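Okay, structure first, notes after.
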Amino acid sequence: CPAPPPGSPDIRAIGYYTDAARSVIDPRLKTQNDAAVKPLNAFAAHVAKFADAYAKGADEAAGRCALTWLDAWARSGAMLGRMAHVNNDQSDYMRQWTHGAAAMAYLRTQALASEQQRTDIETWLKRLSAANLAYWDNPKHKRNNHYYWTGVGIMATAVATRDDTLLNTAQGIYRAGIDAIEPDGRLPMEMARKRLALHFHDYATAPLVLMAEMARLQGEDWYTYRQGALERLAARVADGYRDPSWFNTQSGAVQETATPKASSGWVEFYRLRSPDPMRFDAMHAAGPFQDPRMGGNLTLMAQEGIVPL
Ligand SMILES: [Cl-]
């Protein structure tokens with residue numbers, strides 16, 4: 001259990017796309033952002049590592065280590081200060097993703113928490129939920145996949161604290177994504193991303209599936225809302241990794257060649273829920289899948305449950 005990075009109240013991230021469709025990356029800006037947000041990405045990667053180690057069994061120490069890191073950031077007010085804006089809103093996106101990583105790690109390890117840790121961490125996760133929700137009050141912030149990802153931290157906080165109000169907030173975010181799917185299966189804000197259209201349909205599916213999976217922890221089946229619409233979207237993604245011709249024509253660009261990885265691991269859960277599960281076998285074979293922003297090892301969580309016994 002090494003020492004945590006500092007948890008500053010403040011964030012200063014850098015946007016890295018060159019074009020109107022935010023589909024081509026400037027590698028100099030990407031390197032600059034990577035260095036600027038390194039504490040946030042190292043925090044998320046470590047707490048997910050500790051949670052995965054706890055889930056193997058016979059390692060309560062790894063679970064307690066995650067809680068030590070979360071408590072330290074809670075007591076320093078991490079991410080609750082200034083979101084600095086340089087060339088876009090990357091600082092706010094980073095707060096959305098890192099809140100998700102922290103809240104997932106707490107949900108997986110909270111059985112081991114002390115009294116003081118519970119109060120410290122749950123208070124911090126609720127303040128982050130309120131701050132992230134307030135960003136979307138401005139109607140000029142377009143509610144694409146960043147909005148769905150904001151729902152990850154709100155929903156994990158809701159389940160862990162048993163807050164029916166935050167639970168209703170998250171259900172609204174999930175339903176807004178489901179309602180955006182068109183009859184032909186597209187999400188229009190993601191189809192606008194040219195050679196990354198397929199990439200961002202995959203990336204928008206991931207948080208919607210994860211909130212639905214978290215809802216099973218309170219016995220609810222969110223896949224009955226507009227039943228079948230999420231399957232049309234997921235089927236287009238699986239089809240697209242086989243043959244991208246539909247994404248090519250509807251986006252106006254040839255899709256960037258890529259293998260499924262990281263957050264593509266939503267398929268590990270969803271193949272257990274679909275009426276046509278073997279359609280997702282080709283994507284499954286690219287695994288195992290790990291993503292700290294989704295709680296860690298998705299291949300193992302789909303078999304063993306999100307929260308270890
Ligand atoms: Cl600045």
Side-chain angles (χ1 to χ4, degrees), residues 40-55 57 59 62 66 93 96-109 145-146 148-149 151-153 155-156 174 177 187 190 196-217 222-223 230-231 233-242 244 247 255-260 262-274 277-308:
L40 300 166
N41 282 333
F43 184 82
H46 277 80
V47 294
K49 173 192 171 103
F50 302 149
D52 283 334
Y54 171 54
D59 202 355
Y93 305 147
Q96 293 156 12
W97 287 317
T98 307
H99 177 210
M104 290 306 291
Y106 184 62
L107 177 68
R108 296 191 74 197
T109 57
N145 70 77
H146 290 299
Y148 304 154
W149 280 97
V152 167
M155 175 81 161
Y174 174 82
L187 286 164
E190 316 309 332
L196 297 183
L198 167 60
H199 173 71
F200 282 113
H201 280 75
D202 186 349
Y203 195 68
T205 301
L208 298 173
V209 168
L210 190 60
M211 311 181 252
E213 289 297 315
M214 270 199 289
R216 289 175 71 90
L217 300 176
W222 286 10
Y223 295 117
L230 184 59
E231 168 86 7
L233 171 62
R236 289 295 197 188
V237 175
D239 281 358
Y241 280 106
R242 293 181 185 271
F247 280 102
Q255 295 309 286
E256 178 172 292
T257 299
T259 62
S263 59
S264 299
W266 61 260
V267 176
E268 314 294 77
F269 292 104
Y270 188 73
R271 69 198 290 262
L272 313 171
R273 319 281 177 247
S274 172
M278 313 165 179
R279 193 204 202 114
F280 301 106
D281 279 359
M283 272 185 77
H284 174 73
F289 297 99
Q290 311 176 45
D291 185 10
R293 289 171 179 175
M294 283 177 81
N297 190 313
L298 295 159
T299 297
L300 293 172
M301 287 197 291
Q303 292 168 276
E304 309 185 313
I306 290 172
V307 176

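Along the sequence shown, residues are numbered consecutively beginning with 1. The basis for the numbers below is simple: all heavy atoms, side chains too, and nothing from hydrogens, waters or symmetry mates.
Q303 is listed as a side-chain neighbour of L300, based on a closest heavy-atom distance under 4.5 Å. Put simply, the side chain of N145 does not reach to within 4.5 Å of the side chain of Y93, judged on heavy atoms. Considering only heavy atoms from C-beta on, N297 stays 4.5 Å or farther from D291 through its side chain. Residues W266 and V237 have side chains in contact (heavy-atom distance under 4.5 Å, counting atoms from C-beta outward). With a 4.5 Å cut-off on side-chain heavy atoms, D281 and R271 count as touching. For the pair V47/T109, no side-chain contact is recorded, criterion being any heavy-atom separation below 4.5 Å from C-beta on.
A side-chain contact (heavy atoms from CB on, under 4.5 Å) with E213 holds for exactly one of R273, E268, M294, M155; it is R273.
In this structure, the side chain of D52 does not engage the main chain of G296 through any donor-acceptor pair within 3.5 Å. With hydrogens and angles ignored, the 3.5 Å screen pairs a side-chain donor or acceptor of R108 with a backbone N or O of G295. Distance alone, capped at 3.5 Å, places no donor-acceptor pair between the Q255 side chain and the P244 backbone. Between the side chain of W222 and the backbone N or O of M214, no donor-acceptor pair lies under 3.5 Å. In this structure, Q290 contributes its side chain and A262 its backbone to no donor-acceptor pair below 3.5 Å.
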Does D202 form a side chain to side chain contact (heavy atoms under 4.5 Å, CB included) with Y241? I'd like the steps, not just the answer.
CA-CA 10 Å; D202 186 349; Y241 280 106; 2.7 Å; yes
Determine whether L198 and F247 satisfy the following criterion, side chain to side chain contact (heavy atoms under 4.5 Å, CB included), listing intermediate values before the conclusion.
CA-CA 6 Å; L198 167 60; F247 280 102; 3.7 Å; yes
For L230 and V209: C-alpha separation, side-chain torsions, deciding distance, then whether side chain to side chain contact (heavy atoms under 4.5 Å, CB included) applies.
CA-CA 9 Å; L230 184 59; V209 168; 4.2 Å; yes
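The line from CH2 of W149 to CZ of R293 is 7.5 Å long, rounded to the nearest 0.5 Å.
Between the side chains of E231 and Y270, at least one donor-acceptor pair of N or O atoms lies under 3.5 Å.
A tilted orientation is assigned to the rings of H146 and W97, their planes being inclined by 30° to 60°. Using bins of under 30°, 30° to 60° and over 60° for the plane-to-plane angle, the ring pair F200/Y203 lands in the perpendicular bin.
In summary, the aromatic rings of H284 and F289 are positioned with their centroids too far apart to meet the 6.0 Å limit.
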